[PDB]
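Chains as they are written, first to last, in the entry's author numbering: chain A, 22 to 442; chain B, 22 to 442.
We treat Cβ as the ideally placed atom computed from N, Cα and C, and that holds for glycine.
Rendered as structure tokens:
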């Protein structure tokens, strides 16, 4: 059960079912008003109302996992309170912190009502939501399921948007840049793996300043796994000089730590001894559709197949827009035509009863179908200028009907990317 | 402040302001559904929402004071849980017990919307509610205010109803019978006071069975104030053999307690030594209207002046019924008449605009007054059978108008006593 509904996310929405629960509870609380925040303890209580059944403290941990910004290039939930940064990896209590749906979420998650229904009928969130850009590989996540494991590193945004703009006419795959938020070092892709390299500066011959450490190292683990083994072995003397929105370590080399005269060998020795190279292997494989694992390369093929799935939804919304515009056209044309018929008096209504008038309007098929609104017409409607207004509404619904008949999916998608402010 | 709003009740509703708070909170909780019960802890919380400001535990004591039936001949609040009986005078906790508005309350408290407004604007209950029978003296209550005291004994119901039935044509005052609930003894009115006499039976020469004790004696106080002083003085030996819905004491006379050979002297000696005569002085004086103390005799003069106050309210409701029936008559006559005018086509509406039609219907004063519903007429209304239906409605409102013009207060009150099931 944990391989499909607890641990590992999906292609389309880009989130686990627990993460679907927390964003749906944020949306359900924000149904009253968008701009107000909501306590994440109440969200961890209400995900069980939506159907979460793995403990509300795990929902608090997930609320800390999306509510932070140091593990998210493309944030989706606005947070109020103490959540942390790259320094500390733990947020505060759920009663102290507040969360709400962000403006970026509405910038990405539109047309969510066409989501296919979850197999669990007690899950008020459906199977997978419909954003405009999937975020399963845009943020980075770690997950171990029964017999399977995955580790995902985030990448860029705008260059990936350029890649999808190339891909909509069918071009080649563009390799993105592995970008992490609040990161100041370098990422170099060698033989499939990625060397993540922190920034260290020789302030003098035996003094060093470190501003970037890898993502497996917070303050405490970089002290205890690098700075404390180097300190206890008589190598360096370290001082913690980090900031609120960054890192900083002042390292003084003792006389036992020999430094090579060649810059390359000394650089390799320092960069290996300080652990500032992290050789990460991103496991891209994750669920598509209703529980099938899929191996990809980066975000680009992800959003390619996301667009290819999304095109069917936009074609369905085009067909439904055609149906509703043709329907509103014939309803408003029946409005204007029946009004004009009773302006000219060709249909007599006075001196009569209910059932005789229904059988009288039953002889004309449009009027027979739309009695229930045409008998719903008021003395507001018993005028000529309202006949012209409803004929104008029928003409507007007709021109919108050929507008939705002549439109395409791809131009609509470019327009939908165009209002992203 | 305690002389008018805390301690002593009123004529009309028959309840203290705290008791008005508890019945209004019961009604406010029962606004969703009548037949469901509500926890009296929530009621003691919500009386402060209505404006009670003398501690919610006092509201719990009041909920025990009306929720029981052993101090109430004419009960008004249905209770679910453990409340007690004549045996124990203390109910359970307010969290455990539940209370709701009873069917008897709706049998008595009709036309409550004509209650005059309380002087305290923060009191959501008004000054005094409007039942059909007042219950300030029908249940019995004890109250000590600043410089004043009152003690009230309940009396009968149906004989008092016969007395008010005599009083509505202006007959003499009928003296009721002082009736207490779950009482099996006797009440004899001597020189203004009342001797309440419990039942005691000579099972043999030196054995006695007691089935009724006075209202100042529960189990514990009749043991500690009668049975224990008689036991410690070497007089009797008592055994507690009471039931769930009654009393019982088995008394064996010891040899030191001499019994008189005359039945009257022995009866007087036993009845004085066992305390089974309670000589109670009922203090009838209690507030009328907006805080003025009034001395009466029994329930009969109370319901006499209650009827005399109530006659003004029924006359006002008769006048308001006349006004609303004449209004609905002229509105429905304008319906049928304007429909008939547009059936015959004497008022042209087509080919026209809004303001010209309003100025056209402004020339006829009934149509000028009732444009806003006559322009609100649908194509439902543009028929002849609906003209006949609305003329029938105008005729029904007219016959109801002369029905409310020809009716009287007294016949209405007899009808209102007639559906009391």
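- Secondary structure of residue 149 of chain B (DSSP, three-state): coil.
- Below the 7 Å Cβ cutoff, chain A contributes 372, 373 and 374 as neighbours of residue 405 of chain B, in chain order.
- Contact annotation for residue 128 of chain A against chain B: no contact, minimum CB-CB distance about 42 Å [criterion: below 9 Å].
- By the neighbour-count definition (other C-beta atoms within 10 Å, threshold 16), residue 64 of chain A is a buried residue.
- Here the C-alpha atom of residue 436 of chain A lies approximately 45 Å from the C-alpha atom of residue 396 of chain B.
- Using a Cβ distance threshold of 8 Å, residue 155 of chain A and residue 327 of chain A count as a contacting pair.
- Within the segment 381–410 of chain A, the residues whose Cβ lies closer than 8 Å to some Cβ of chain B are 395, 396, 397, 398, 399, 400, 401, 403, 404, 405 and 406, listed in chain order.
- Straight across, the Cα-Cα distance linking residue 100 of chain B with residue 81 of chain B is about 13 Å.
- Pairing residue 131 of chain A with residue 375 of chain A, the inter-Cα distance amounts to about 46 Å.
- When DSSP assignments are scanned along the segment 155–230 of chain A, the uninterrupted stretches of beta strand (DSSP E) that are 3 or more residues long and fall wholly within it turn out to be 162–166, 169–173, 207–211, 214–218 and 221–223.
- Distances from the CA of residue 107 of chain B to each of B:91, B:122, B:118 and B:97 were compared; the closest alpha carbon is that of B:91.
- Partner residues in the beta bridge of residue 99 of chain B, as assigned by DSSP, are B:121.
- Ranking B:35, B:172, B:192 and B:28 by CA distance to the CA of residue 126 of chain B puts B:35 first.
- Counted as a single uninterrupted DSSP element, the alpha helix (DSSP H) harbouring residue 362 of chain B occupies residues 320–364.
- Counting only runs of 3+ residues, the beta strand (DSSP E) found wholly inside the segment 270–296 of chain A occupies 270–274, in chain order.
- Boundaries of the alpha helix (DSSP H) around residue 251 of chain A: 249–253.
- Within chain B, the residues placing a beta-carbon under 9 Å from that of residue 364 of chain A are 371 and 372, ordered along the chain.
- The segment 406–421 of chain A makes contact with the segment 352–370 of chain A: 3 or more CB pairs, one atom from each, lie closer than 8 Å.
- Taking a cut-off of 8 Å on C-beta distances, the segment 227–245 of chain A touches the segment 188–206 of chain A, as three or more cross pairs fall below it.
- The Cβ atoms of residue 83 of chain A and residue 39 of chain A lie closer than 8 Å to each other.
- Runs of the alpha helix (DSSP H) lying entirely within the segment 56–115 of chain B, each at least 4 residues long, are 61–71 and 77–88 in chain order.
- The DSSP-derived three-state label of residue 369 of chain B is coil.
- Just so you know, the alpha carbons of residue 337 of chain A and residue 115 of chain A end up roughly 41 Å apart.
- Bounds of the beta strand (DSSP E) holding residue 300 of chain B are 298–301.
- For residue 44 of chain B, no beta strand (DSSP E) segment is defined; the enclosing uninterrupted segment is the alpha helix (DSSP H) at 38–50.
- A distance of 8 Å or more separates the beta carbons of residue 321 of chain B and residue 171 of chain B.
- For residue 378 of chain A, the neighbours in chain B by C-beta distance under 8 Å run, in chain order, 404.
- Below 8 Å, enough C-beta pairs join the segment 149–169 of chain B and the segment 131–140 of chain B to call them touching: three or more.
- Shown here for residue 306 of chain A: same chain residues with a beta carbon closer than 7 Å to its own, the five before and five after excluded, namely 171, 314, 315 and 316 in chain order.
- Where residue 258 of chain B is concerned, the enclosing beta strand (DSSP E) starts and stops at 257–261.
- In the three-state reduction of the DSSP assignment, residue 313 of chain B falls in the strand class, which pools E and B.
- The DSSP-derived three-state label of residue 422 of chain B is helix.
- Listed in chain order, the non-local C-beta contacts of residue 251 of chain A below 6 Å within the same chain comprise 257, local neighbours out to five positions each way being set aside.
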